[PDB]
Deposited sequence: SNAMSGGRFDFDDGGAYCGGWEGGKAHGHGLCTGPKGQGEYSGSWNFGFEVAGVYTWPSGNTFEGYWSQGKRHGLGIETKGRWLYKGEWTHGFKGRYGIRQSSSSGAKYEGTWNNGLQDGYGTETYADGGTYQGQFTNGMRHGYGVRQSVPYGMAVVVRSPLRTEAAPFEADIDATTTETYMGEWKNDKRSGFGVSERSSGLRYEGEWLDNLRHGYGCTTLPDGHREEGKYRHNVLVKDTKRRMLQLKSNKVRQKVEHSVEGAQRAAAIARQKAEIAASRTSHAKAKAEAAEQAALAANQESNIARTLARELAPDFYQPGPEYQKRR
């Protein structure tokens, strides 16, 4: 009549409202061999708002278009969960990806399904990055707070009466400290100057907690020039080049603080869209139940595999 069942060639069926020869209203539709199940609203052959269940028990709950996850929705997989916006099947623009295991998390913008633009990244150990992203990596300006020796033995401190975190603000290239940047440990140990692939490389100043200033040129983290002296050229004084790089590094740090603040603002937007995505998953589940009940009322022996999936 205006609803029922249809068996596909590759296996898997459709069972629900139809009108004008196309699925319309509500219904279920399994995949080849009856594996994988959509269940929700339809409109002229295309899912509108519904829940897809993989045989693995993984699910997308949200809105659809042209057969792609589009709009808001929640994807629950084994170890990862995404809540927020989807654009033609790709995560983004705004949304959050969270670990089922750890507190590991990304909250920000996405381009082409990868972390990109501005976002807050939290690592399993509780550290964070806030700032710019490109192609799924820390890139541009940003602020990372994390846990950071040659003598392992405590002798040097066990001898006399005796009474952490590190923050890098500066340039990032493909997930690495690279360019100008400032690095500050909670002890007071600090480096301002040039970086390459997370190492001091170029000119900069290492200042010890007591304030002793080591100024010079670093090459893959090893000092190779200092400010003592001899055949130093007037045209190329280490103190000048260090000063320039230090200034370059504080500029980069302040820039990275700004991009950090933008990232924080984009993070709130991603959170807002993640909550909006919970209401989209609630609506998707309302449509799914309408389709589950109509399906039992149009074919009481037709097996719905999604329930069994999600138990496993």
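- Residues 1-3, 152-155, 171-176, 243, 327 of the deposited sequence, counted from 1, carry no C-alpha coordinates in the model.
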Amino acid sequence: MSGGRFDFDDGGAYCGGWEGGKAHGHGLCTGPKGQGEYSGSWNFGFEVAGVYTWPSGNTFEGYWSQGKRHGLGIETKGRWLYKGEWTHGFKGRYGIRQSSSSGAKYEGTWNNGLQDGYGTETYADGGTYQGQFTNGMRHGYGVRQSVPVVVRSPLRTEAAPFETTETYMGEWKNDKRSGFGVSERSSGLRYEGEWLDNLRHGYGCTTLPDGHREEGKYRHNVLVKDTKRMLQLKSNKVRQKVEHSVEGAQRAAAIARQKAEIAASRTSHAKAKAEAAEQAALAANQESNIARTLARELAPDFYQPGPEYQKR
From here on, numbers count along this sequence of modelled residues.
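- Between 171-179 and 99-107, it is 99-107 that carries the larger average Cα temperature factor according to the deposited entry.
- Of the two segments, 242-250 and 39-47, the one listed with the higher mean B-factor is 39-47 (C-alpha atoms only).
- Which of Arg79, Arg229, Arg200, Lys234 has the largest Cα B-factor in the deposited entry comes down to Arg229.
- The PDB entry assigns its highest CA temperature factor, among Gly140, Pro148, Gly73, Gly204, to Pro148.
- Ranked within its chain, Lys33 lands in the highest third, by CA B factor from the PDB record.
- When the modelled residues of the chain are ordered by C-alpha B-factor, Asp125 sits in the middle third.
- Compared with the other modelled residues of the chain, the Cα B-factor recorded for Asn135 ranks in the lowest third.
- Ranked by C-alpha B-factor against the other modelled residues of its chain, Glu192 falls in the middle third.
- Looking at the C-alpha B-factors along this chain, the one for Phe162 belongs to the highest third.
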